[PDB]
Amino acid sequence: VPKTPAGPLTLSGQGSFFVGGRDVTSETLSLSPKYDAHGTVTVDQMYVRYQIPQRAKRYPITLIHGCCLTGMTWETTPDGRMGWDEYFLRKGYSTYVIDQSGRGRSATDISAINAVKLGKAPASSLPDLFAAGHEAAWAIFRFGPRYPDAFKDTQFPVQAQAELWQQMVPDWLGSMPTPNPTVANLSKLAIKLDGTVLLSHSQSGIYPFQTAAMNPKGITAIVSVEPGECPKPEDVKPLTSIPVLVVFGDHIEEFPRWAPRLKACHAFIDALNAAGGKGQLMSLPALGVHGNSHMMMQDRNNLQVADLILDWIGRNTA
């Protein structure tokens, strides 16, 4: 467990930009005369916020949030502590923190909603949208067996559950293609940067692997935190030159949502190693680190977890 770094942070640079997007001509952009109903919008683009420390390490880390959340995932924790974005910067890595296509600062297309409101299209054509309620999220994140009872050993700062709920947002995943548009945008970003470590989480767990299969250029390594899906053993050949780290927390066994995902990720990692690649499945409890939730980047020992990941990145980007 590292001491939290104190004092100021100096950055060589910072900024924001977007990757990708497609232009759509719509007839239903507006219900009022203040904004034209017929017009062209850009959709599917990906917001990127970058921060560059002094004398940055060769490969930036791109941080990719999962469901029901935005790039806030990686920023100050719900209880006010340093997050992984700031910690990584303090450790000398440039960071590229995205909002997935159709999430956060990355535009959606509202045309179908307005078409239904205007009586031009049926309710069945509304987009497939969802939001994770507090009670559902408690169990998905493995804070305890069922809301509102927490595991006594959880690392998540459950006293700050209200703040976690504040950062959760509706999810448009189901209304976009698969692979999600973020996947192609991550390839464009990796190529632009000429080498980045892709770090994903949960719903976006599979994204970096899909990006690498589409085009391996610029993908230095992949870190996936509790992915919803790992690649199939049959997907390893295109990945054998990209080191992979998959990280799982605690209280996995008692949740049917999660136990099979850990097992499947082992099948992937083992297949990857057998094919001549380099994969590791880091199960925190096996390292003597207990109680981590699905939101391990926000947990009370989040910097201990970050150090394990950064140590691995340093050994596999060498």
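Residue numbers run from 1 along the displayed sequence.
Student: Going by the mean C-alpha B-factor recorded in the entry, which is higher: 73 to 81 or 187 to 195?
Tutor: Mean C-alpha B-factor is greater for 187 to 195.
Student: Per the entry, where is the mean C-alpha temperature factor higher: 29 to 37 or 268 to 276?
Tutor: The deposited B-factors put 29 to 37 ahead on the C-alpha mean.
Student: Highest Cα B-factor in the deposition, which of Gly119, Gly104, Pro170, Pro181?
Tutor: Max CA B-factor in the entry, restricted to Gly119, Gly104, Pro170, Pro181: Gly119.
Student: Using the B-factor values recorded in the entry, state whether the Cα atom of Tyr59 falls in the lowest, middle or highest third among the modelled residues of its chain.
Tutor: Its C-alpha B-factor belongs to the middle third of this chain's values.
Student: Grab the CA temperature factor for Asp99 from the record and place it in the lowest, middle or highest third of its chain.
Tutor: It falls in the bottom third of the chain.
Student: When the modelled residues of the chain are sorted by Cα temperature factor, does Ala132 land in the lowest, middle or highest third?
Tutor: Middle third.
Student: Per the entry's values, where does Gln298 land by CA temperature factor relative to the rest of its chain, in the lowest, middle or highest third?
Tutor: It belongs to the lowest third of the chain when residues are ordered by C-alpha B-factor.
Student: Split into thirds by Cα B-factor across the chain's modelled residues, where does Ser241 land: lowest, middle or highest?
Tutor: Highest third.
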